[PDB]
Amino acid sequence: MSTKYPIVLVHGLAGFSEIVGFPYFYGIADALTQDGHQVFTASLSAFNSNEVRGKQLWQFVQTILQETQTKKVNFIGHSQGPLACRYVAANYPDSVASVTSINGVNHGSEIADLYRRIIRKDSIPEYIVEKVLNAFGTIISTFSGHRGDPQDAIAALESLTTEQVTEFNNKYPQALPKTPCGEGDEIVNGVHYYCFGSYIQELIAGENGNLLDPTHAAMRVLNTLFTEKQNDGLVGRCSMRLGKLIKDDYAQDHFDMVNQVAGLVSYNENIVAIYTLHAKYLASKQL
């Protein structure tokens, strides 16, 4: 069961593989190709708007469609990636077979909102300020070797705020939940939409691998700062919703759902198998 249309993995941290030394979707393109699927990876700019990432993505896809002569692509995006995918699907539906959003910031990130308030010097209790700053420094240091300037992250997190995703969502409403925390239509203008998510949970005798992953400790701290108690450290469970829900109750953090860092995840969960099973599902729908 390989897909009719090529899979395009989409993320919003262009430069990751060059700076960090391994792919953002850790182990995923390899496993999908072992299974017979055509796989591309689109790495889009972190420091740009969602619209501008969507335009970069279209240029990427137009380019691969010329060569595969396949007409359409199946997008699999994580975090900011789905917003760029949504842009291409809304604009160029005849070129998009599906959009699959994995822990997408589809309605905004409470942590991005909080970081913005910090940079604006709103009155935030200092203990909250330190939790955010220290988690970001730990994440940024784990991947890049430097903790960064806290104004380093601004250009990136701005496009993930509830404000800026709301504005995006007004222009590109396709497949968005109607009800608070609902599902969207599976098919809009011929494009199939699917979503996956996860949230941090205290269950038994994990977390195993993740005990060695500094990003997981950062996510666990960030998790405590949200009004939405079910979240993945960066995005609240309901904010991830787009199109048809597949599964959103994995006990995983935001990074874990891309098998990071370096395959350190909770509970010896096989994250790559989430992606390979989903590819077979897409193929099963003649995509």
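Quick note: we count residues from 1 along the sequence shown, nothing fancier.
When the mean C-alpha temperature factors of 103 to 111 and 183 to 191 are read from the deposited coordinates, 183 to 191 comes out higher. As the entry records it, the average C-alpha temperature factor is higher for 120 to 128, out of 120 to 128 and 133 to 141.
When the C-alpha B-factors of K72, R86, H216, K171 are read from the PDB record, the largest value belongs to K171. When the C-alpha B-factors of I204, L212, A97, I200 are read from the PDB record, the largest value belongs to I204. Placement of the Cα temperature factor of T276 within the chain: lowest third of the modelled residues, per the deposited record.
In this PDB entry, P93 carries a Cα temperature factor that places it within the middle third of its chain's modelled residues.
The deposited CA B-factor of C238 belongs to the highest third of values across its chain. Per the deposited record, the Cα B-factor of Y250 falls in the middle third when ranked against the other modelled residues of its chain. When the modelled residues of the chain are ordered by their C-alpha B factor, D256 lands in the lowest third.
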